[PDB]
Amino acid sequence: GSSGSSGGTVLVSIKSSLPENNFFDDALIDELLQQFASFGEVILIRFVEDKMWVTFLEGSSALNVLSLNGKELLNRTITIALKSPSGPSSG
């Protein structure tokens, strides 16, 4: 539950067993792209130390893709989550 955000960066993680598997491969990504297309047309993708961020054309689009929150793909449970603002919105 968060409204207001100038951007469109969403966090995406995959549930695995080994610590050297948390890394996203060509399949996990390639496949994801399409899945995200169903709602928003991905434009930029940023890989985090352990997490995986994904940018979208607009912020709203990143709100629709949330429908993939938890969706399991390639025998790998994916968990999507918006990037909550650490600091207050007002100024």
# chains A, B, ... in the order shown; residues from 1 in each chain; ligands from 1
$ residues_around --residues "residue 45 (chain A)" --least-positions-apart "2" --cutoff "9 Å" --atoms "only C-alpha atoms" --output "list in words"
residues 9, 42, 43, 47, 52, 53, 54, 55 and 56 of chain A
$ write_last_selection --atoms "N, CA, C and O atoms" --output "mmCIF file, in the first residue's frame"
data_model
loop_
_atom_site.group_PDB
_atom_site.id
_atom_site.type_symbol
_atom_site.label_atom_id
_atom_site.label_comp_id
_atom_site.auth_asym_id
_atom_site.auth_seq_id
_atom_site.Cartn_x
_atom_site.Cartn_y
_atom_site.Cartn_z
ATOM 1 N N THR A 9 10.775 1.298 -10.354
ATOM 2 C CA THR A 9 11.707 0.232 -10.003
ATOM 3 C C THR A 9 11.055 -0.784 -9.073
ATOM 4 O O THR A 9 10.616 -0.443 -7.974
ATOM 5 N N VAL A 42 8.937 -3.952 -20.171
ATOM 6 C CA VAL A 42 10.209 -3.677 -19.514
ATOM 7 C C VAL A 42 11.127 -2.860 -20.415
ATOM 8 O O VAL A 42 11.121 -3.021 -21.636
ATOM 9 N N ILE A 43 11.917 -1.982 -19.806
ATOM 10 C CA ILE A 43 12.843 -1.140 -20.552
ATOM 11 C C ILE A 43 14.262 -1.264 -20.007
ATOM 12 O O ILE A 43 15.226 -1.356 -20.769
ATOM 13 N N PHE A 47 20.452 -5.556 -11.781
ATOM 14 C CA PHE A 47 20.694 -6.712 -10.926
ATOM 15 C C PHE A 47 21.322 -6.288 -9.601
ATOM 16 O O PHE A 47 22.382 -5.664 -9.576
ATOM 17 N N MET A 52 16.935 -8.585 -7.531
ATOM 18 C CA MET A 52 16.882 -8.215 -8.940
ATOM 19 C C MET A 52 15.817 -7.151 -9.183
ATOM 20 O O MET A 52 14.621 -7.421 -9.079
ATOM 21 N N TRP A 53 16.259 -5.941 -9.507
ATOM 22 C CA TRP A 53 15.342 -4.836 -9.764
ATOM 23 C C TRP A 53 14.977 -4.765 -11.243
ATOM 24 O O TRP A 53 15.776 -5.123 -12.108
ATOM 25 N N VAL A 54 13.765 -4.301 -11.526
ATOM 26 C CA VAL A 54 13.294 -4.183 -12.901
ATOM 27 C C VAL A 54 12.545 -2.871 -13.115
ATOM 28 O O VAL A 54 11.586 -2.568 -12.404
ATOM 29 N N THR A 55 12.991 -2.096 -14.098
ATOM 30 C CA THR A 55 12.364 -0.816 -14.405
ATOM 31 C C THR A 55 11.298 -0.971 -15.484
ATOM 32 O O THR A 55 11.392 -1.848 -16.342
ATOM 33 N N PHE A 56 10.284 -0.111 -15.436
ATOM 34 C CA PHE A 56 9.200 -0.154 -16.410
ATOM 35 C C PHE A 56 8.972 1.222 -17.029
ATOM 36 O O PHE A 56 9.349 2.244 -16.454
#
$ residues_around --residues "residue 1 (chain A)" --least-positions-apart "2" --cutoff "10 Å" --atoms "only C-alpha atoms" --output "VMD selection string"
chain A and resid 3 82 84
$ select_by_dssp --residues "region 17-78 of chain A" --states "strand (DSSP E)" --output "NGL selection string"
:A and (42-47 or 52-56 or 72-73 or 76-78)
$ write_last_selection --atoms "N, CA, C and O atoms" --output "mmCIF file, in the first residue's frame"
data_model
loop_
_atom_site.group_PDB
_atom_site.id
_atom_site.type_symbol
_atom_site.label_atom_id
_atom_site.label_comp_id
_atom_site.auth_asym_id
_atom_site.auth_seq_id
_atom_site.Cartn_x
_atom_site.Cartn_y
_atom_site.Cartn_z
ATOM 1 N N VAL A 42 8.937 -3.952 -20.171
ATOM 2 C CA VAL A 42 10.209 -3.677 -19.514
ATOM 3 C C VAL A 42 11.127 -2.860 -20.415
ATOM 4 O O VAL A 42 11.121 -3.021 -21.636
ATOM 5 N N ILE A 43 11.917 -1.982 -19.806
ATOM 6 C CA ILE A 43 12.843 -1.140 -20.552
ATOM 7 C C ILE A 43 14.262 -1.264 -20.007
ATOM 8 O O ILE A 43 15.226 -1.356 -20.769
ATOM 9 N N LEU A 44 14.383 -1.269 -18.685
ATOM 10 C CA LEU A 44 15.684 -1.385 -18.036
ATOM 11 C C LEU A 44 15.642 -2.410 -16.907
ATOM 12 O O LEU A 44 14.626 -2.554 -16.226
ATOM 13 N N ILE A 45 16.750 -3.116 -16.714
ATOM 14 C CA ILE A 45 16.839 -4.124 -15.665
ATOM 15 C C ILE A 45 18.139 -3.986 -14.879
ATOM 16 O O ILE A 45 19.227 -4.007 -15.452
ATOM 17 N N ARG A 46 18.015 -3.846 -13.563
ATOM 18 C CA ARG A 46 19.180 -3.705 -12.697
ATOM 19 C C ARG A 46 19.300 -4.895 -11.750
ATOM 20 O O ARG A 46 18.368 -5.208 -11.008
ATOM 21 N N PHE A 47 20.452 -5.556 -11.781
ATOM 22 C CA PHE A 47 20.694 -6.712 -10.926
ATOM 23 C C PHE A 47 21.322 -6.288 -9.601
ATOM 24 O O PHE A 47 22.382 -5.664 -9.576
ATOM 25 N N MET A 52 16.935 -8.585 -7.531
ATOM 26 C CA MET A 52 16.882 -8.215 -8.940
ATOM 27 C C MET A 52 15.817 -7.151 -9.183
ATOM 28 O O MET A 52 14.621 -7.421 -9.079
ATOM 29 N N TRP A 53 16.259 -5.941 -9.507
ATOM 30 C CA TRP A 53 15.342 -4.836 -9.764
ATOM 31 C C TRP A 53 14.977 -4.765 -11.243
ATOM 32 O O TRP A 53 15.776 -5.123 -12.108
ATOM 33 N N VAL A 54 13.765 -4.301 -11.526
ATOM 34 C CA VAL A 54 13.294 -4.183 -12.901
ATOM 35 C C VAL A 54 12.545 -2.871 -13.115
ATOM 36 O O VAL A 54 11.586 -2.568 -12.404
ATOM 37 N N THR A 55 12.991 -2.096 -14.098
ATOM 38 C CA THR A 55 12.364 -0.816 -14.405
ATOM 39 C C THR A 55 11.298 -0.971 -15.484
ATOM 40 O O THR A 55 11.392 -1.848 -16.342
ATOM 41 N N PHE A 56 10.284 -0.111 -15.436
ATOM 42 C CA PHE A 56 9.200 -0.154 -16.410
ATOM 43 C C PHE A 56 8.972 1.222 -17.029
ATOM 44 O O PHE A 56 9.349 2.244 -16.454
ATOM 45 N N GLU A 72 5.276 -18.570 -9.396
ATOM 46 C CA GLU A 72 6.408 -19.479 -9.519
ATOM 47 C C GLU A 72 6.743 -19.736 -10.986
ATOM 48 O O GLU A 72 5.866 -20.055 -11.788
ATOM 49 N N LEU A 73 8.018 -19.592 -11.329
ATOM 50 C CA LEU A 73 8.471 -19.807 -12.699
ATOM 51 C C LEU A 73 9.766 -20.613 -12.725
ATOM 52 O O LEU A 73 10.608 -20.482 -11.836
ATOM 53 N N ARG A 76 11.131 -22.035 -9.793
ATOM 54 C CA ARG A 76 11.715 -21.036 -8.906
ATOM 55 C C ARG A 76 10.670 -20.005 -8.486
ATOM 56 O O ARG A 76 10.200 -19.213 -9.302
ATOM 57 N N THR A 77 10.310 -20.023 -7.206
ATOM 58 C CA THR A 77 9.321 -19.092 -6.678
ATOM 59 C C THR A 77 9.837 -17.659 -6.720
ATOM 60 O O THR A 77 10.821 -17.323 -6.060
ATOM 61 N N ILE A 78 9.167 -16.817 -7.500
ATOM 62 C CA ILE A 78 9.558 -15.418 -7.627
ATOM 63 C C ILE A 78 8.718 -14.529 -6.718
ATOM 64 O O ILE A 78 7.502 -14.694 -6.618
#
$ residues_around --residues "residue 68 (chain A)" --least-positions-apart "6" --cutoff "10 Å" --atoms "only C-alpha atoms" --output "count of residues only"
9
$ closest_residue --among "A:60, A:34, A:86, A:22" --to "residue 8 (chain A)" --atoms "only C-alpha atoms"
A:60
$ closest_residue --among "A:63, A:37, A:48, A:10" --to "residue 24 (chain A)" --atoms "only C-alpha atoms"
A:48
$ atom_distance --atom1 "CA of residue 38 (chain A)" --atom2 "CA of residue 21 (chain A)"
26.3 Å
$ select_by_dssp --residues "region 6-61 of chain A" --states "helix (DSSP H, G or I)" --output "PDB file with N, CA and C atoms, in the first residue's frame"
ATOM      1  N   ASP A  26      20.026 -16.586 -17.860  1.00  0.00           N
ATOM      2  CA  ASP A  26      19.403 -16.109 -19.089  1.00  0.00           C
ATOM      3  C   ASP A  26      17.948 -16.563 -19.172  1.00  0.00           C
ATOM      4  N   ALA A  27      17.683 -17.770 -18.685  1.00  0.00           N
ATOM      5  CA  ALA A  27      16.333 -18.320 -18.703  1.00  0.00           C
ATOM      6  C   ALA A  27      15.412 -17.548 -17.764  1.00  0.00           C
ATOM      7  N   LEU A  28      15.790 -17.488 -16.491  1.00  0.00           N
ATOM      8  CA  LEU A  28      14.997 -16.781 -15.491  1.00  0.00           C
ATOM      9  C   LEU A  28      14.639 -15.378 -15.972  1.00  0.00           C
ATOM     10  N   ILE A  29      15.633 -14.665 -16.490  1.00  0.00           N
ATOM     11  CA  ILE A  29      15.422 -13.312 -16.989  1.00  0.00           C
ATOM     12  C   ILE A  29      14.591 -13.320 -18.268  1.00  0.00           C
ATOM     13  N   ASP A  30      15.157 -13.885 -19.329  1.00  0.00           N
ATOM     14  CA  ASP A  30      14.468 -13.961 -20.613  1.00  0.00           C
ATOM     15  C   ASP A  30      12.985 -14.259 -20.417  1.00  0.00           C
ATOM     16  N   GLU A  31      12.694 -15.328 -19.680  1.00  0.00           N
ATOM     17  CA  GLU A  31      11.314 -15.721 -19.420  1.00  0.00           C
ATOM     18  C   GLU A  31      10.547 -14.596 -18.733  1.00  0.00           C
ATOM     19  N   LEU A  32      11.119 -14.072 -17.653  1.00  0.00           N
ATOM     20  CA  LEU A  32      10.489 -12.990 -16.903  1.00  0.00           C
ATOM     21  C   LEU A  32      10.037 -11.872 -17.838  1.00  0.00           C
ATOM     22  N   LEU A  33      10.968 -11.361 -18.635  1.00  0.00           N
ATOM     23  CA  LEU A  33      10.665 -10.290 -19.577  1.00  0.00           C
ATOM     24  C   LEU A  33       9.257 -10.443 -20.142  1.00  0.00           C
ATOM     25  N   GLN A  34       9.003 -11.579 -20.784  1.00  0.00           N
ATOM     26  CA  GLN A  34       7.695 -11.849 -21.369  1.00  0.00           C
ATOM     27  C   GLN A  34       6.591 -11.706 -20.327  1.00  0.00           C
ATOM     28  N   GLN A  35       6.766 -12.375 -19.192  1.00  0.00           N
ATOM     29  CA  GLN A  35       5.783 -12.321 -18.116  1.00  0.00           C
ATOM     30  C   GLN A  35       5.434 -10.879 -17.768  1.00  0.00           C
ATOM     31  N   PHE A  36       6.451 -10.021 -17.730  1.00  0.00           N
ATOM     32  CA  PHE A  36       6.251  -8.613 -17.409  1.00  0.00           C
ATOM     33  C   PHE A  36       5.537  -7.891 -18.548  1.00  0.00           C
ATOM     34  N   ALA A  37       5.792  -8.337 -19.774  1.00  0.00           N
ATOM     35  CA  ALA A  37       5.174  -7.735 -20.949  1.00  0.00           C
ATOM     36  C   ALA A  37       3.653  -7.799 -20.863  1.00  0.00           C
ATOM     37  N   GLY A  59       5.584   4.314 -13.785  1.00  0.00           N
ATOM     38  CA  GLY A  59       5.352   3.770 -12.459  1.00  0.00           C
ATOM     39  C   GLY A  59       4.089   2.936 -12.386  1.00  0.00           C
ATOM     40  N   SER A  60       2.999   3.469 -12.925  1.00  0.00           N
ATOM     41  CA  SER A  60       1.719   2.769 -12.914  1.00  0.00           C
ATOM     42  C   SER A  60       1.878   1.342 -13.427  1.00  0.00           C
ATOM     43  N   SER A  61       2.631   1.189 -14.513  1.00  0.00           N
ATOM     44  CA  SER A  61       2.860  -0.123 -15.106  1.00  0.00           C
ATOM     45  C   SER A  61       3.461  -1.085 -14.086  1.00  0.00           C
TER      46      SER A  61
END
$ atom_distance --atom1 "CA of residue 71 (chain A)" --atom2 "CA of residue 50 (chain A)"
18.7 Å
$ closest_residue --among "A:85, A:40, A:70, A:91" --to "residue 4 (chain A)" --atoms "only C-alpha atoms"
A:85
$ decode --residues "region 25-66 of chain A" --atoms "N, CA and C atoms" --output "PDB file, in the first residue's frame"
ATOM      1  N   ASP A  25      19.701 -16.364 -14.215  1.00  0.00           N
ATOM      2  CA  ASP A  25      20.324 -16.791 -15.462  1.00  0.00           C
ATOM      3  C   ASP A  25      19.581 -16.217 -16.664  1.00  0.00           C
ATOM      4  N   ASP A  26      20.026 -16.586 -17.860  1.00  0.00           N
ATOM      5  CA  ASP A  26      19.403 -16.109 -19.089  1.00  0.00           C
ATOM      6  C   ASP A  26      17.948 -16.563 -19.172  1.00  0.00           C
ATOM      7  N   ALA A  27      17.683 -17.770 -18.685  1.00  0.00           N
ATOM      8  CA  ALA A  27      16.333 -18.320 -18.703  1.00  0.00           C
ATOM      9  C   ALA A  27      15.412 -17.548 -17.764  1.00  0.00           C
ATOM     10  N   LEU A  28      15.790 -17.488 -16.491  1.00  0.00           N
ATOM     11  CA  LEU A  28      14.997 -16.781 -15.491  1.00  0.00           C
ATOM     12  C   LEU A  28      14.639 -15.378 -15.972  1.00  0.00           C
ATOM     13  N   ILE A  29      15.633 -14.665 -16.490  1.00  0.00           N
ATOM     14  CA  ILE A  29      15.422 -13.312 -16.989  1.00  0.00           C
ATOM     15  C   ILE A  29      14.591 -13.320 -18.268  1.00  0.00           C
ATOM     16  N   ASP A  30      15.157 -13.885 -19.329  1.00  0.00           N
ATOM     17  CA  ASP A  30      14.468 -13.961 -20.613  1.00  0.00           C
ATOM     18  C   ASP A  30      12.985 -14.259 -20.417  1.00  0.00           C
ATOM     19  N   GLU A  31      12.694 -15.328 -19.680  1.00  0.00           N
ATOM     20  CA  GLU A  31      11.314 -15.721 -19.420  1.00  0.00           C
ATOM     21  C   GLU A  31      10.547 -14.596 -18.733  1.00  0.00           C
ATOM     22  N   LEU A  32      11.119 -14.072 -17.653  1.00  0.00           N
ATOM     23  CA  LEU A  32      10.489 -12.990 -16.903  1.00  0.00           C
ATOM     24  C   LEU A  32      10.037 -11.872 -17.838  1.00  0.00           C
ATOM     25  N   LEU A  33      10.968 -11.361 -18.635  1.00  0.00           N
ATOM     26  CA  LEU A  33      10.665 -10.290 -19.577  1.00  0.00           C
ATOM     27  C   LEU A  33       9.257 -10.443 -20.142  1.00  0.00           C
ATOM     28  N   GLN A  34       9.003 -11.579 -20.784  1.00  0.00           N
ATOM     29  CA  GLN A  34       7.695 -11.849 -21.369  1.00  0.00           C
ATOM     30  C   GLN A  34       6.591 -11.706 -20.327  1.00  0.00           C
ATOM     31  N   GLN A  35       6.766 -12.375 -19.192  1.00  0.00           N
ATOM     32  CA  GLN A  35       5.783 -12.321 -18.116  1.00  0.00           C
ATOM     33  C   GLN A  35       5.434 -10.879 -17.768  1.00  0.00           C
ATOM     34  N   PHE A  36       6.451 -10.021 -17.730  1.00  0.00           N
ATOM     35  CA  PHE A  36       6.251  -8.613 -17.409  1.00  0.00           C
ATOM     36  C   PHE A  36       5.537  -7.891 -18.548  1.00  0.00           C
ATOM     37  N   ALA A  37       5.792  -8.337 -19.774  1.00  0.00           N
ATOM     38  CA  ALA A  37       5.174  -7.735 -20.949  1.00  0.00           C
ATOM     39  C   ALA A  37       3.653  -7.799 -20.863  1.00  0.00           C
ATOM     40  N   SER A  38       3.140  -8.917 -20.359  1.00  0.00           N
ATOM     41  CA  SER A  38       1.701  -9.105 -20.227  1.00  0.00           C
ATOM     42  C   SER A  38       1.040  -7.858 -19.646  1.00  0.00           C
ATOM     43  N   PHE A  39       1.815  -7.083 -18.895  1.00  0.00           N
ATOM     44  CA  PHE A  39       1.306  -5.862 -18.279  1.00  0.00           C
ATOM     45  C   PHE A  39       2.101  -4.646 -18.746  1.00  0.00           C
ATOM     46  N   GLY A  40       3.385  -4.617 -18.402  1.00  0.00           N
ATOM     47  CA  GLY A  40       4.232  -3.506 -18.793  1.00  0.00           C
ATOM     48  C   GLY A  40       5.420  -3.947 -19.625  1.00  0.00           C
ATOM     49  N   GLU A  41       5.815  -3.112 -20.580  1.00  0.00           N
ATOM     50  CA  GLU A  41       6.944  -3.425 -21.449  1.00  0.00           C
ATOM     51  C   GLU A  41       8.261  -2.999 -20.806  1.00  0.00           C
ATOM     52  N   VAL A  42       8.937  -3.952 -20.171  1.00  0.00           N
ATOM     53  CA  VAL A  42      10.209  -3.677 -19.514  1.00  0.00           C
ATOM     54  C   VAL A  42      11.127  -2.860 -20.415  1.00  0.00           C
ATOM     55  N   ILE A  43      11.917  -1.982 -19.806  1.00  0.00           N
ATOM     56  CA  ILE A  43      12.843  -1.140 -20.552  1.00  0.00           C
ATOM     57  C   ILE A  43      14.262  -1.264 -20.007  1.00  0.00           C
ATOM     58  N   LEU A  44      14.383  -1.269 -18.685  1.00  0.00           N
ATOM     59  CA  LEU A  44      15.684  -1.385 -18.036  1.00  0.00           C
ATOM     60  C   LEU A  44      15.642  -2.410 -16.907  1.00  0.00           C
ATOM     61  N   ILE A  45      16.750  -3.116 -16.714  1.00  0.00           N
ATOM     62  CA  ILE A  45      16.839  -4.124 -15.665  1.00  0.00           C
ATOM     63  C   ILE A  45      18.139  -3.986 -14.879  1.00  0.00           C
ATOM     64  N   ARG A  46      18.015  -3.846 -13.563  1.00  0.00           N
ATOM     65  CA  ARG A  46      19.180  -3.705 -12.697  1.00  0.00           C
ATOM     66  C   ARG A  46      19.300  -4.895 -11.750  1.00  0.00           C
ATOM     67  N   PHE A  47      20.452  -5.556 -11.781  1.00  0.00           N
ATOM     68  CA  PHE A  47      20.694  -6.712 -10.926  1.00  0.00           C
ATOM     69  C   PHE A  47      21.322  -6.288  -9.601  1.00  0.00           C
ATOM     70  N   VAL A  48      20.658  -6.632  -8.502  1.00  0.00           N
ATOM     71  CA  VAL A  48      21.150  -6.288  -7.174  1.00  0.00           C
ATOM     72  C   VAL A  48      22.044  -7.389  -6.617  1.00  0.00           C
ATOM     73  N   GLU A  49      22.910  -7.023  -5.677  1.00  0.00           N
ATOM     74  CA  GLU A  49      23.821  -7.981  -5.063  1.00  0.00           C
ATOM     75  C   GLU A  49      23.165  -9.353  -4.937  1.00  0.00           C
ATOM     76  N   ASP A  50      21.976  -9.381  -4.344  1.00  0.00           N
ATOM     77  CA  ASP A  50      21.242 -10.627  -4.161  1.00  0.00           C
ATOM     78  C   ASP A  50      19.844 -10.528  -4.763  1.00  0.00           C
ATOM     79  N   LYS A  51      19.330  -9.307  -4.851  1.00  0.00           N
ATOM     80  CA  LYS A  51      18.001  -9.074  -5.407  1.00  0.00           C
ATOM     81  C   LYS A  51      18.089  -8.681  -6.878  1.00  0.00           C
ATOM     82  N   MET A  52      16.935  -8.585  -7.531  1.00  0.00           N
ATOM     83  CA  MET A  52      16.882  -8.215  -8.940  1.00  0.00           C
ATOM     84  C   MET A  52      15.817  -7.151  -9.183  1.00  0.00           C
ATOM     85  N   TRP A  53      16.259  -5.941  -9.507  1.00  0.00           N
ATOM     86  CA  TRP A  53      15.342  -4.836  -9.764  1.00  0.00           C
ATOM     87  C   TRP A  53      14.977  -4.765 -11.243  1.00  0.00           C
ATOM     88  N   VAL A  54      13.765  -4.301 -11.526  1.00  0.00           N
ATOM     89  CA  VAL A  54      13.294  -4.183 -12.901  1.00  0.00           C
ATOM     90  C   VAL A  54      12.545  -2.871 -13.115  1.00  0.00           C
ATOM     91  N   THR A  55      12.991  -2.096 -14.098  1.00  0.00           N
ATOM     92  CA  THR A  55      12.364  -0.816 -14.405  1.00  0.00           C
ATOM     93  C   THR A  55      11.298  -0.971 -15.484  1.00  0.00           C
ATOM     94  N   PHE A  56      10.284  -0.111 -15.436  1.00  0.00           N
ATOM     95  CA  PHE A  56       9.200  -0.154 -16.410  1.00  0.00           C
ATOM     96  C   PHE A  56       8.972   1.222 -17.029  1.00  0.00           C
ATOM     97  N   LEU A  57       8.351   1.240 -18.203  1.00  0.00           N
ATOM     98  CA  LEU A  57       8.071   2.490 -18.901  1.00  0.00           C
ATOM     99  C   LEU A  57       7.612   3.569 -17.925  1.00  0.00           C
ATOM    100  N   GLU A  58       6.589   3.250 -17.139  1.00  0.00           N
ATOM    101  CA  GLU A  58       6.056   4.193 -16.162  1.00  0.00           C
ATOM    102  C   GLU A  58       5.827   3.510 -14.816  1.00  0.00           C
ATOM    103  N   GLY A  59       5.584   4.314 -13.785  1.00  0.00           N
ATOM    104  CA  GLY A  59       5.352   3.770 -12.459  1.00  0.00           C
ATOM    105  C   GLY A  59       4.089   2.936 -12.386  1.00  0.00           C
ATOM    106  N   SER A  60       2.999   3.469 -12.925  1.00  0.00           N
ATOM    107  CA  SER A  60       1.719   2.769 -12.914  1.00  0.00           C
ATOM    108  C   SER A  60       1.878   1.342 -13.427  1.00  0.00           C
ATOM    109  N   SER A  61       2.631   1.189 -14.513  1.00  0.00           N
ATOM    110  CA  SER A  61       2.860  -0.123 -15.106  1.00  0.00           C
ATOM    111  C   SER A  61       3.461  -1.085 -14.086  1.00  0.00           C
ATOM    112  N   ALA A  62       4.330  -0.560 -13.229  1.00  0.00           N
ATOM    113  CA  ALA A  62       4.974  -1.369 -12.202  1.00  0.00           C
ATOM    114  C   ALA A  62       3.976  -1.795 -11.131  1.00  0.00           C
ATOM    115  N   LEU A  63       2.809  -1.161 -11.133  1.00  0.00           N
ATOM    116  CA  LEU A  63       1.767  -1.474 -10.160  1.00  0.00           C
ATOM    117  C   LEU A  63       0.889  -2.620 -10.652  1.00  0.00           C
ATOM    118  N   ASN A  64       0.828  -2.789 -11.969  1.00  0.00           N
ATOM    119  CA  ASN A  64       0.025  -3.849 -12.567  1.00  0.00           C
ATOM    120  C   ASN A  64       0.785  -5.173 -12.566  1.00  0.00           C
ATOM    121  N   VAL A  65       2.088  -5.101 -12.813  1.00  0.00           N
ATOM    122  CA  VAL A  65       2.928  -6.292 -12.839  1.00  0.00           C
ATOM    123  C   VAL A  65       2.925  -6.997 -11.487  1.00  0.00           C
ATOM    124  N   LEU A  66       2.520  -6.273 -10.449  1.00  0.00           N
ATOM    125  CA  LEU A  66       2.469  -6.829  -9.102  1.00  0.00           C
ATOM    126  C   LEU A  66       1.661  -8.122  -9.076  1.00  0.00           C
TER     127      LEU A  66
END
